[PDB]
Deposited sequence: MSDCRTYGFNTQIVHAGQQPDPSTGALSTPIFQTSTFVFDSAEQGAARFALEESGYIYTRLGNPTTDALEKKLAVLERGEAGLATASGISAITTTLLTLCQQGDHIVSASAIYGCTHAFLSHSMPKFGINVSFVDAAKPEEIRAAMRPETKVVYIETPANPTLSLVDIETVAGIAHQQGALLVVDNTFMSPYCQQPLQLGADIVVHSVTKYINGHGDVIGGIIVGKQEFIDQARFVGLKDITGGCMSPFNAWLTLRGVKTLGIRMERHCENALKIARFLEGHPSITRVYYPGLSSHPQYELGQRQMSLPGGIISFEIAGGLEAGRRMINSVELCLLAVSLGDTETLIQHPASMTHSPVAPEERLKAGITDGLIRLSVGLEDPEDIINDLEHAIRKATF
């Protein structure tokens, strides 16, 4: 049979994997090796597995699974989400090329695009990707890539993938989408015209807060270049077989995890929207979200991340996060535990307040990654902390 014909939950469990033919072992073995042996001089030349830096059976299973889930031809695992992004863009671009990027992107990605790319002669124009006309207006004869993230932090704004793909393609560029926030269970950019999808598997795909890693999915021709040039000759961004095996294990529960994350998040978002100490709640599942209908067409679920603004600015946000007893203070997302952060007092404390404001980070903004706990316990913890903070 062919895994690409089964339902999505069946694919989550089985795609890319099968019992070991030699032993019958059901779990994918951990091929924690650096060296592969040849039977003869002739077999060594013909292969020219050889070396985990080229490929590995455990990692291959993960790559094939994620390719099935994103409806792409091929996958390539990497050492980190950032390595997935930079291996992709450094494979595609050289000195003199140009990229149009969303401004509302992950912080580390922004640093790569704003400082590292221009030092290699690759220029980047940042635009508001919620306005597809700004993408069009920034495209140049040298533009190779349009780069977007959706939903995007810190207010969970959206980008219309299908519309942007059509613009990029008419002007001769590829569209790369960072799909980390959604996972393939909730959004499928390649089905909407994107050429390449990248993820930090560190978040939902692994889901267990114990793996740093990335994945790239796209056409075989591109993935072959990302592997044999990008990984081999540029970043050296290999995923270890053990991390691939842990990610395979974590992704087995992706469907049931995303369903529970999103069911919990919708309940919490509605609680916050009814709370008179909370000025704003940013969540694609609330009908007041400015791009609500686009989200309903593009995403199968509204996600597990919420942002919200607490009354009273910086000191209220600090008092709030210092008053939670169950939510844990951390900067990651997509884990089984609920995580909370207050950027203005945590990650962006040395940034000038007016510079945070232009970046959409108000003094009272809190970001919540909703976990698998009972939502009543999460709501009770938030209610306890909000009441204290105000």
Could you spell out the stretches of the deposited sequence that were left without C-alpha coordinates, going in sequence order?
1, 50 to 55, 398
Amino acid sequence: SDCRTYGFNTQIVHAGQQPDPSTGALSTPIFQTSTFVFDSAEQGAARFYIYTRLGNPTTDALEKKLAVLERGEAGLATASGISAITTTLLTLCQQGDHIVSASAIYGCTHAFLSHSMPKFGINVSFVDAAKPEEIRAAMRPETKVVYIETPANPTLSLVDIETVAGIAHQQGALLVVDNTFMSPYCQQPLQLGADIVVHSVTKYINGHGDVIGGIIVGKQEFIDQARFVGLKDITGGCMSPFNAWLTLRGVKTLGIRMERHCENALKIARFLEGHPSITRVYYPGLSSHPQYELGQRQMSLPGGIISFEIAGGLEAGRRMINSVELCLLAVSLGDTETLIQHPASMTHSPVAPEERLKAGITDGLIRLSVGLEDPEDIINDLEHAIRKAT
From here on, numbers count along this sequence of modelled residues.
Return whichever of 113 to 121 and 267 to 275 has the greater mean Cα B factor according to the PDB record.
113 to 121
When the C-alpha temperature factors are averaged for each of 37 to 45 and 319 to 327, which stretch ends up with the higher value in the entry?
37 to 45
Going by the CA temperature factor in the entry, name the top one among 219, 289, 280, 257.
289
I'd like to know which of 335, 70, 63, 355 has the highest C-alpha temperature factor in the PDB entry.
355
Determine, from the deposited record, the chain-internal third of the Cα B-factor for residue 181: lowest, middle or highest.
middle
Taking the C-alpha B-factors as the PDB entry records them, is residue 261 in the lowest, middle or highest third of its chain?
lowest
Select lowest, middle or highest to describe the third in which the CA B-factor of residue 81 falls within its chain in this entry.
lowest
Divide the modelled residues of the chain into thirds by Cα B-factor and specify which third, lowest, middle or highest, holds residue 314.
highest
Would you check the entry's CA temperature factor for residue 153 and let me know if it's in the chain's lowest, middle or highest third?
highest
